[PDB]
> 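If you scroll down you'll find the structure; I have some questions about it.
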Amino acid sequence: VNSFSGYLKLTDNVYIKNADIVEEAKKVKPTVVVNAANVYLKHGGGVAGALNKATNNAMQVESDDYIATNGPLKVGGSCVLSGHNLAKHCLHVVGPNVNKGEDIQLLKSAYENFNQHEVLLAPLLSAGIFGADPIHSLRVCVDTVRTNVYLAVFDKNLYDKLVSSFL
Ligand SMILES: O=C(Nc1ccc(C(=O)N[C@@H]2c3cccc(O)c3C[C@@H]2C(=O)O)cn1)NC1CC1
């Protein structure tokens, strides 16, 4: 049993809710919150901008030190950093950004990072300002992630479309 509330169950291991991932993280304090990161960990907008703002920019400060030491992530890759006031840990995962021309097949590799964590709160990778079709992202999630994932979808209209079209 865990503290995630109000989710619709899609499969054995994937759950979904119309929720602001920032507000959900503040309330559950999950072991892992996933950030929709880019390779530079520049958290300017979308989910990343919102999570970073909620940390009062501490996420960005930590991220800048990470990049200065390690260099950029790979598209499809990830790193574990602090969850600050939102979670124990933040798993920064880089999905492909269609608006940069990145190969959508890398979306499966991106979701594979979730399998290193038993339970996660997450957004749909490559959705929103990353330009991919969220319905496709949900399908890849369900067909790739085997650990327990709680997906937060900010837009109510999109959430309803995601549920109603889910196979
Ligand atoms: O700003 C706050 N939260 C958030 C959460 C998600 C996002 C975000 O870009 N979502 C993506 C998005 C945006 C518009 C339409 C969409 O189809 C999507 C899919 C993405 C998602 O839903 O994952 C931005 N901001 N919280 C402050 C405390 C009030």
Side-chain angles (χ1 to χ4, degrees), residues 1-38 43 45-52 54 59 73-81 83-84 86-99 102-167:
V1 174
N2 65 55
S3 161
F4 288 104
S5 177
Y7 285 75
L8 176 66
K9 182 169 179 61
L10 294 177
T11 65
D12 182 64
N13 66 298
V14 179
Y15 294 80
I16 195 166
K17 184 187 184 175
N18 174 216
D20 182 346
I21 192 173
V22 170
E23 279 319 296
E24 185 80 359
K26 283 196 291 192
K27 147 182 135 43
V28 174
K29 283 303 226 83
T31 305
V32 181
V33 65
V34 173
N35 181 32
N38 57 55
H43 313 299
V47 169
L51 291 174
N52 176 59
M59 178 180 285
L73 296 182
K74 300 169 180 184
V75 179
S78 68
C79 68
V80 179
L81 291 171
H84 300 277
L86 305 180
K88 184 167 190 322
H89 300 107
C90 179
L91 180 70
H92 295 273
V93 179
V94 184
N97 190 324
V98 176
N99 305 315
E102 293 166 351
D103 165 25
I104 195 58
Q105 301 294 137
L106 290 168
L107 186 55
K108 187 171 184 77
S109 300
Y111 275 115
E112 289 171 341
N113 296 286
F114 290 24
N115 290 321
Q116 300 294 318
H117 303 277
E118 286 188 12
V119 183
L120 315 88
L121 170 65
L124 284 169
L125 298 180
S126 296
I129 68 174
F130 281 62
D133 178 2
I135 297 180
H136 174 66
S137 181
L138 179 55
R139 187 76 254 166
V140 177
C141 180
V142 161
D143 294 342
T144 305
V145 181
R146 297 176 301 283
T147 54
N148 291 146
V149 57
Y150 289 83
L151 296 168
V153 177
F154 180 56
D155 189 66
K156 173 57 161 156
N157 188 294
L158 174 59
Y159 169 85
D160 290 344
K161 183 197 192 113
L162 286 169
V163 167
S164 285
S165 60
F166 184 71
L167 226 195

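One-based numbering along the sequence shown. Side chains are part of it too, since the values below use all heavy atoms of this structure and drop only hydrogens, waters and symmetry mates.
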> Answer yes or no: is there a donor N or O on one side and an acceptor on the other, between the side chain of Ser137 and the main chain of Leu125, under 3.5 Å?
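Checking the backbone N and O of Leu125 against the side chain of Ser137, a donor-acceptor pair under 3.5 Å is found.
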
> Given 3.5 Å as the limit, does a donor-acceptor pair link the side chain of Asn38 with the main chain of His43, or not?
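Not a single qualifying donor-acceptor pair exists.
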
> Less than 4.5 Å apart, any side-chain heavy atom of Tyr111 and any of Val149?
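Result no, sub-4.5 Å side-chain heavy-atom pair not found.
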
> Hey, does the side chain of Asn113 reach the backbone of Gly76 with a donor-acceptor pair shorter than 3.5 angstrom?
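Side chain of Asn113 to backbone of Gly76, a donor-acceptor pair under 3.5 Å: yes, one is there.
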
> What pair of heavy atoms forms the shortest contact from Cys90 to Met59, and how long is it?
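Nearest heavy atoms, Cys90 then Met59: SG-CE, 4.0 Å.
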
> Rounded to the nearest 0.5 Å, how far apart are OH of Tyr150 and CG of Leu121?
10.5 Å

> What distance separates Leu151 CG from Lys17 NZ, expressed to the nearest 0.5 Å?
12.5 Å

> Considering residues, nucleotides and ligands other than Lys88, do more than 12 of their heavy atoms fall under 6.0 Å from its NZ?
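No.
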
> Provide the closest heavy-atom pair for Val47 versus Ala36 in the form atom of the first, atom of the second, distance.
CB-CB, 4.1 Å

> Say whether, by atom type as modelled, one donor and one acceptor occur between the side chain of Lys161 and the main chain of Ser164 under 3.5 angstrom.
no

> If only atom types and distance count, is the side chain of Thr144 paired as donor or acceptor with the main-chain N or O of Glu112 below 3.5 Å?
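Not a single qualifying donor-acceptor pair exists.
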
> From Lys74 NZ over to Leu106 CG, what is the distance, rounded to the nearest 0.5 angstrom?
11.5 Å

> Distance from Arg139 atom CZ to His136 atom NE2, nearest 0.5 Å?
11.0 Å

> Specify the closest pair of heavy atoms between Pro96 and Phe130, including all atoms of both residues, with the distance to one decimal.
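Taking every non-hydrogen atom into account, O-CD2, 3.8 Å.
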
> Taking all non-hydrogen atoms of both residues, which atom of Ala122 and which atom of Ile21 are closest, and how far apart?
C-CD1, 3.8 Å

> Between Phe114 and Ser78, is any pair of side-chain heavy atoms under 4.5 Å apart?
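With C-beta onward as the side chain, the pair stays apart.
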
> Examine distances only and state if a side-chain atom of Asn99 and a backbone atom of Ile129 form a donor-acceptor pair shorter than 3.5 Å.
yes

> Quick one: are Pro30 and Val119 in side-chain contact, heavy atoms under 4.5 Å?
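Side chain of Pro30 against side chain of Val119, heavy atoms only: no contact under 4.5 Å found.
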
> Identify the two heavy atoms, one from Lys27 and one from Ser3, that lie closest to each other, and give their separation to 0.1 Å.
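Answer, listing the atom of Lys27 first, then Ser3: NZ-O, 4.1 Å.
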
> In this structure, which one of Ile16, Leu138, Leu8 forms a side chain to side chain contact (heavy atoms under 4.5 Å, CB included) with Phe166?
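Running side chain to side chain contact (heavy atoms under 4.5 Å, CB included) over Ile16, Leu138, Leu8 with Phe166 returns exactly one hit, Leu138.
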
> Using every non-hydrogen atom in the two residues, find where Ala127 and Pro134 come nearest and quote the distance to one decimal.
CB-CB, 4.2 Å

> So how far is it from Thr31 OG1 to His117 NE2, rounded to the nearest 0.5 Å?
10.5 Å

> When rounded to the nearest 0.5 angstrom, what is the spacing between CG in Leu91 and CG in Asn35?
9.0 Å

> For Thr147, does its backbone N or O pair with a side-chain atom of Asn13 as donor and acceptor, under 3.5 Å?
yes

